[PDB]
């Protein structure tokens, strides 16, 4: 079959709420910015801007990048850290490591939201599940994960996606400051008072926070025994955790973490998938976790 026929099959699978349309097919991201039908709340918390979390309620449009959702340090001349596009071109050359999604697509009836980390902190979105429209499925991608942390979570009729980390090669940041920024964004988006946290905030803190304040969550993250704050040593029944990097799996391997939101049979399906890709000739899936919300 040709690219168009396969891509329409892909759309019909996605539109039935089938997460496996994204299973094994590698990472995807794009810098492209086209307005999609869905409005969501967006928030940014960054060490360079101490104080209130920045919040955006208006739709993402094509009429200029909001600097809170942009990183001048990405690429040769900057790149958005939060953008929306439609699925006729799923991955572009900005997607480090992309494979299948450079060739095939999800058609222009799919709406894609890319959420990256902030230069020194977290970006997040909150989606009202009852606003996902029939035959207009939505995909959230976090791009190529090489040390950052991605949270997907549900509370009531709302879904949250938060990506925290840094682009500045900072020692120890993501498992401490990155967690604090993610908690600030999650709290702002969910209208919760930012908790009085311990002086030491790390990935275990993130598990505890999500468990106590969200119905269900998935954390996809990097950890290593040489970096204790990165290691998760507690467990909570409503928080799944996926260490896409470990003591063995590191760069040039990479993680992926995606969600589909699909209105079908009068209900919004929400399904997430995290993978770890590593060299076998070929990048292979080393580990995977699929969680429904």
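Positions refer to the first chain, counted from 1.
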Check the entry and tell me how many residues of the deposited sequence have no coordinates between residue 280 and residue 281: none, 1 to 3, 4 to 9, or 10 or more. 1 to 3
Which has higher Cα B-factors on average according to the PDB entry: 240-248 or 48-56? 48-56
Between 127-135 and 194-202 (mean CA B-factor, as deposited), the higher: 194-202
Largest Cα B-factor, entry values, listed residues 87, 75, 143, 121: 75
Pick out which of 28, 65, 254, 40 has the highest C-alpha B-factor in the PDB entry. 65
When the modelled residues of the chain are sorted by Cα temperature factor, does residue 233 land in the lowest, middle or highest third? highest
Could you place residue 284 in the lowest, middle or highest third of its chain by Cα temperature factor, using the values in the record? highest
Taking the entry's C-alpha B-factors for this chain, is residue 8 in the lowest, middle or highest third? middle
When the modelled residues of the chain are sorted by Cα temperature factor, does residue 174 land in the lowest, middle or highest third? middle
Would you please rank residue 189 by its C-alpha temperature factor against the other modelled residues of its chain and give the third it falls in: lowest, middle or highest? middle
